[PDB]
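Student: experimental structure and sequence below, a few questions after.
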Amino acid sequence: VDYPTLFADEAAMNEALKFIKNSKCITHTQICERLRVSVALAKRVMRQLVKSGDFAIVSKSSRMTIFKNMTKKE
Amino acid sequence: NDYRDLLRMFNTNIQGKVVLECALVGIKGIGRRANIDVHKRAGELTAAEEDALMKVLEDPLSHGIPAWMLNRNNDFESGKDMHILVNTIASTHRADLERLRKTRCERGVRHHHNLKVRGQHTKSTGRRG
Amino acid sequence: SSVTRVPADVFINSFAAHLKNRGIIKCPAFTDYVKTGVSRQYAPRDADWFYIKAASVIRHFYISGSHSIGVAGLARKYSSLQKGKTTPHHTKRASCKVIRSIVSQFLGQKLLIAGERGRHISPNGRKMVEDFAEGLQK
Amino acid sequence: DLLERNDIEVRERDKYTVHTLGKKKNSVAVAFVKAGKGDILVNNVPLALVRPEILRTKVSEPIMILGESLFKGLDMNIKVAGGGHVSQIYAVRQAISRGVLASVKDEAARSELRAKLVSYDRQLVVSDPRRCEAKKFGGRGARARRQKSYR
Amino acid sequence: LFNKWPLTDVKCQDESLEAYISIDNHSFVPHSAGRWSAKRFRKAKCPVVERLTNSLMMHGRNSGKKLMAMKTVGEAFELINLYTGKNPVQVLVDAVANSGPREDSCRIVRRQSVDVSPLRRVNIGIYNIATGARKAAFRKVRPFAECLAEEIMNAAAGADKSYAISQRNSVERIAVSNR
Amino acid sequence: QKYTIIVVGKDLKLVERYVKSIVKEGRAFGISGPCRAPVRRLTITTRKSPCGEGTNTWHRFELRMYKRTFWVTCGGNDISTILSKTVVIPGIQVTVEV
Amino acid sequence: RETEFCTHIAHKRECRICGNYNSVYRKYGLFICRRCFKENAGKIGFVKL
Amino acid sequence: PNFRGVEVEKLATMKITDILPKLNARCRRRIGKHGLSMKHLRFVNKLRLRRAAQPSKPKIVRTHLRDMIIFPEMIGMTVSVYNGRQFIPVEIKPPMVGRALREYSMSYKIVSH
RNA sequence: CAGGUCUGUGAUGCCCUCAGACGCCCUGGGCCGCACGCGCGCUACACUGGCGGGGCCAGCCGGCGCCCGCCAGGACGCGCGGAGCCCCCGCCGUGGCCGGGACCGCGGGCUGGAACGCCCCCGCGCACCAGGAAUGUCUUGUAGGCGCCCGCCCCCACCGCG
């Protein structure tokens, strides 16, 4: 069935971040379908991507964290 | 991110991806009657921490685990509470059924005839037996 | 008023952190391996749970104002439903021994006073609850 | 929590001049206005902080209908006891609007605030009674009966 | 709606559906008990977003949970605005307008094709969009909110992928055949 | 000395006259205003049928108990004078207290 | 027969009117048969409405 | 095996009071707190007397007492407990110590469909 | 209407028993025995969820305090005193899995003269991934979801009436 990631992204993590950054918007679950990470892992890496400020959280909810890249405008 | 794959404790297969609390949730099925971070994930768990846990599970009354939180609480052989998992649960359940078989008891006959013991309506809800 | 203006849950989480640094409560040994309540079959994963609970008991005592009610009343405030039964779910109260061991600890540190029956926030403690709220206000 | 002498027992002195109420679905609210700096508090909790976070907009509808000037001087203290979370926010809105009406009730200007508020939202001023019905024997509810085995 | 998305220029483009649609009388947030079940056609004067939020509270489970539903259509609305760069309510009016099926073969044995009223199309369009999401929000990863928004965008375009559009076209299909 | 008075009447009409009489006898002794205790509803729901046959129709029986609050500052003989003075109607609860 | 007669102790609650030991219904302290209460609840002042 | 940590040879010598903390929660409530009853105590004394009497005696201790919890001394006595119609014989064994006589008397017959 | 109730009664005819009683008590069992078929229910099948850390509002209407105990409970005194759902924030991440809790094995309590009753703690982890022919009740505070109270009660409600 689905691929449990095991938080295994290392060299691949940088390209995983590259695709996520390219996408106009990202949701915690959208990553899990597009790349088979656990949605829990998706929160992990997304927290780092927002820490840089690549993405801007439109809204935070206990289940849904809506992020649109504040960047990518350039 | 550091990742390790399957681990084996007491001859069980452990999924590295799941959180440590879920990873141990069943040991040999009959296992989950600590010093490690329970959220780290089975892959993240170190050999050393597992060794400390191995001591904790083998001797629960040595690291602040209580008597009540034990799987067995008064025994029938030593009179003392203990934590037994893997084959020992199977050997003690056999031993407990054998003790119930030994003497004639309602507990003994029902466990053999496969009737629920201590249960009530055998009339309408034991079907498919 | 002061703490009442602050969202009580925001105040509870922030004060619990302060109580730990201020040395108030100092959690007992039993609280690491215990699950609050006869309804909850799982222990809190917070690891700072005995501090978050301890902000809840003392701030709820501040809400009492002059009630002097006891530990069981606070236990009811944190109660939830027992599941895991074929029969329908029914509300079960929180474990009293944890609640007793914070109200007694608060009175022992003189943050609370045993005027009659249970406990009401002590004047010395009354400053503490308002003090932290003032820090939250700015 | 049900229609007791609780209405005035909460405050001693600090006399409020305008009294108003807002009551729906067993949730009864008593609103007392001292006409000070215009701030509104419900159950010791400021109106800008309401426990449902989406339902702060429902509570702030009287305030959204009229300009800041109306609430610039009207200091309201509200006390909702009984009913339920949603019946309490609905009650708050009714009481705040009774408070503005009570300030301008003698003038024909009471009509202006009653028309604007009501037109935007019905029940901002009024209170729909809709009380709960009674279970009858042979059923688990007023409109629900147990499944019939045969026929 | 949610302190955002004013219906300043949001409007219907389909005349018949416009008569039964609300794009002006919206209270802040999709709540307010106005007894729109009362009389006969009180649905027309009921905020479309409330009508949508009321549909979500169905199929048991989430029964009566308007607050959870209100914040869920709010999460979907923000997803809609971000994906299409468009006020969600304008997309919503178009989505529920296209979804409503104009031709249904009722029994009137045999069946006969009969024209569908604008209110029925208004109610079926809201209903189908929720069920299109409800069905795709079961044992799946995407949350109910992401399907509800996915469904809405295709429905405005008329893309058959939306469950509402496929059911509308299947309804008008068995209707054409059993004319 | 002030004496507590409680009157319990099953029938509201029978106590209604008693409360009117209570003011018209103890006015000089300053009898307290008649606060009414919230009704105590004794409710019994019983199956109507002697057996359990037929539909399970339920017979609801309710006895509503009404009580009034009175206090009189008067002499020991004076309460007894009002006790004789008040209108005597049968099946009523009479309370003399301190 | 002093030992034999009534050695066992148990509640024997019965209707005041009938003596039947079933459906005693002591809700408000009335030791009343439910069927017997149906016969005489009017004198106790209970009203149907 | 030693019953609850007291060896079977030690168990017969041991007393209920000595093994009471070791015994079950009900056993500790019934004997330690509530106390036994005259019928049961007279039965324990009757059991002690016949075993002590030893006149070569086949009483087989007929008993309607199923409430009685077995005492460490009764080991090796063939008790007979009225299941409802007949006295069902129950010999005593080490794990049956502090166990009621009802648990080992067959109150009902099996189904045999 | 030979619908149901003579087994609710000092309502009762005819009738039956009446001293080894078909009278009453006393003890032990049975109604709860289970290859199976069905009726009313309750809990499910997960992420519009479980987890569980806080906020917080009930109504028929209503008691608590202090210590001891993981609980269950208990000791000790006094008159007192209030849900769930939902709300926010974590978490798990579509995996019979962190859904579900049926059975089972140690114990710890309680009520009673006594479990064979219930409660709780550590285990244990059955089917069940949305249900065929059929069907059942409903249109506003309604269906549904969600808790609570009382009755009968020593203990005990997936029940009834609320």
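Tutor: Happy to help now that I have it. Numbering: from 1, shown residues only, chains lettered A, B, ... in the order given.

Student: who's in contact with the most centrally placed residue in chain E?
Tutor: What sits nearest the mean C-alpha location of chain E, by CA atoms, centre = their mean, is residue E:126, with 2.1 Å. When contacts are counted by CB atoms under 8 Å, 6 or more residues apart in numbering or on different chains, residue E:126 touches E:48, E:51-52, E:55, E:96. (Each C-beta comes from the backbone N, C-alpha and C, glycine too.)

Student: now, among these, which is nearest to residue G:1?
Tutor: Checking the contacts of residue E:126 against residue G:1 by CB to CB gives residue E:55 as the nearest, at 78.4 Å.

Student: can you tell me how far that closest one is from chain B?
Tutor: Distance, residue E:55 to chain B, using CB to the nearest CB, to the nearest Å: 36 Å.

Student: just residue D:56 next, same as before
Tutor: According to CB to the nearest CB, residue D:56 and chain B sit 34 Å apart.

Student: related to what we said a few turns ago, element containing the residue nearest to the centre of chain E?
Tutor: helix E:118-136 (DSSP states H and E).

Student: list the buried residues in the helix or strand following that helix.
Tutor: Once the chain leaves helix E:118-136, the next helix or strand it forms, by DSSP H and E, is helix E:144-157. By neighbour count on 16 or more other CB atoms under 10 Å in any protein chain shown, the buried set for helix E:144-157 is E:144-156.

Student: save those as a markdown table, and put in distance to chain D too.
Tutor: Listed next are these as a markdown table, based on distance: CB to the nearest CB, whole Å:
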| residue | distance to chain D |
| --- | --- |
| E:144 | 17 |
| E:145 | 14 |
| E:146 | 20 |
| E:147 | 21 |
| E:148 | 17 |
| E:149 | 18 |
| E:150 | 23 |
| E:151 | 23 |
| E:152 | 20 |
| E:153 | 24 |
| E:154 | 27 |
| E:155 | 25 |
| E:156 | 26 |
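
Student: top of the contacts of residue E:126 by number of neighbours, please.
Tutor: The residue in those with the most neighbours, by other CB atoms under 10 Å in any protein chain shown, is residue E:96 (29 neighbours).

Student: in this structure residue C:132 contacts residue C:14, no?
Tutor: Yes. The criterion here is CB atoms under 8 Å, and residue C:132 meets it with residue C:14 at 6.9 Å.

Student: which residue is nearest the middle of chain A?
Tutor: With CA atoms, centre = their mean applied to chain A, the nearest residue to centre is residue A:46, 4.2 Å.

Student: for the biggest helix by length in chain F, buried residues please.
Tutor: Longest helix of chain F, by residue count under DSSP state H: helix F:12-26. By 16+ other CB under 10 Å, the buried positions in helix F:12-26 come out as F:15, F:18-19, F:22, F:25-26.

Student: give me the contacts around that helix.
Tutor: Helix F:12-26 has contacts (CB under 8 Å, 6+ apart) with F:5, F:7-9, F:31, F:34, F:64, F:66, F:68, F:70, F:72, F:74, F:82, F:85-87, F:89, F:91-92.

Student: what segments of chain G are helices?
Tutor: Here chain G has its helices, by DSSP H, at G:34-39.

Student: in it, what residue comes closest to chain D?
Tutor: residue G:49 (13.2 Å; CB to the nearest CB).

Student: quick check: that residue touching residue F:62?
Tutor: Yes. Using CB under 8 Å, residue G:49 is in contact with residue F:62, at 7.2 Å.

Student: the residue nearest to the centre of chain A should be in a helix, yeah?
Tutor: Yes. Checked against DSSP: H, G, I helix; E, B strand; the rest coil, residue A:46 lies within a helix.

Student: so what's the residue of chain G closest to chain D up against?
Tutor: residue F:62.

Student: give me that answer again for 10 Å
Tutor: Residue G:49 makes contact with F:60-62, F:64, according to CB atoms under 10 Å, 6 or more residues apart in numbering or on different chains.

Student: also residue A:19?
Tutor: Per CB under 10 Å, 6+ apart, neighbours of residue A:19: A:26, A:31, A:34-35.

Student: the same query, at a cut-off of 7 Å, please.
Tutor: Residue A:19 sits next to no residue when contact means CB atoms under 7 Å, 6 or more residues apart in numbering or on different chains.

Student: that one falls within a helix, correct?
Tutor: Yes. Assessed by three-state DSSP, residue A:19 belongs to a helix.

Student: distance of the residue nearest to the centre of chain A from residue A:65?
Tutor: Distance of residue A:46 to residue A:65, computed by CB to CB, to the nearest Å: 7 Å.

Student: now the common contact residues for the two.
Tutor: residue A:28.

Student: counting neighbours, what do you get for residue E:78?
Tutor: The burial count for residue E:78: 23, using other CB under 10 Å.

Student: quickly find the element holding it.
Tutor: According to DSSP H and E, residue E:78 maps onto helix E:66-84.

Student: cheers, nothing more for now.
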